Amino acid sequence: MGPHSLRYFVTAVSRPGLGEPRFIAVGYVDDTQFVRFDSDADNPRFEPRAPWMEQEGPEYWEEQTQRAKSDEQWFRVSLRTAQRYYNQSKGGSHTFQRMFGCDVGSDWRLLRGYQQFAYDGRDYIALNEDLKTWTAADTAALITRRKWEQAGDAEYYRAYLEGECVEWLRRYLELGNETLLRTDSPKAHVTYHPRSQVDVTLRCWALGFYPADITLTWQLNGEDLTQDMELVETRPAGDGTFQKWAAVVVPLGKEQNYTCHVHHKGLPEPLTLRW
């Protein structure tokens, strides 16, 4: 069946004196965004962001919009509480984030579930892998943890992660089976760039690949490098595929000694390129 994930990334940011916090939730299947909710609209609604979601009927959008609106109120409260727990100066913008969702392996049994939270960009509380206990990041989040233990909330999240989360991931993969599920293998090449009288930069490119995960490295004679290698962050092309490059500075006349290596799910055998 090969692995997949459903994930939501949710952010609220306070703007004191200038209105209610701005709240945005975005949903992904694997590396593909498919839904959003943004509180900055006259009439905010949960909305499709992938073609294959557009034929979900109105009851889907209604239910999801109700859940997102409840979350919006939860985030407003949490921003206020966290500020009190951490004894911060009033005024000032703060952020609360949540990331949650499910991964499946080669069956419809949940491989891993997530329910993690962050305040001001740093861990606050997260549900452990057992889906039974909580890791509190500090003594402020310990207050929250005791509240959530007494409520039995781990059971609530466990039920979602094992049930409805995986059910709907399954449905999304069917709706977008065409585009999700594909593997676009990287097209690779090396470019050559004079640097000085003594050396040159060789740059090894991987273009148009999906999914985003890839390994791209240079070697000097079968061994990984004893020198600096520039490796840029994997980056979106905009059209649903990804790009990456790795550059080495090498002495003139020794260009043939260096090999670029590309590993990706969509490649029968790893690629080896040489200038």
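Residues carry their position along the shown sequence, with the first being 1.
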* Mean temperature factor over C-alpha atoms, higher-scoring stretch between 66 to 74 and 228 to 236 -> 228 to 236
* Should the higher mean CA B-factor in the entry be assigned to 7 to 15 or to 258 to 266? -> 258 to 266
* **Largest Cα B-factor, entry values, listed residues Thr139, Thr81, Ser93, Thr144** => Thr139
* By the record's CA B-factor, is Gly222 among the lowest, middle or highest third of residues in the chain? -> highest
* Asked: Hey, what third does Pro58 fall into on Cα B-factor, ranked over its chain?
  -> highest
* Using the B-factors in the PDB entry, rank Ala118's C-alpha atom against the chain and give the third, lowest, middle or highest. => lowest
* Check where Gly152 lands among this chain's C-alpha B-factors and tell me if it's the lowest, middle or highest third. => lowest
* **For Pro51, the third of its chain into which the C-alpha B factor falls** => highest
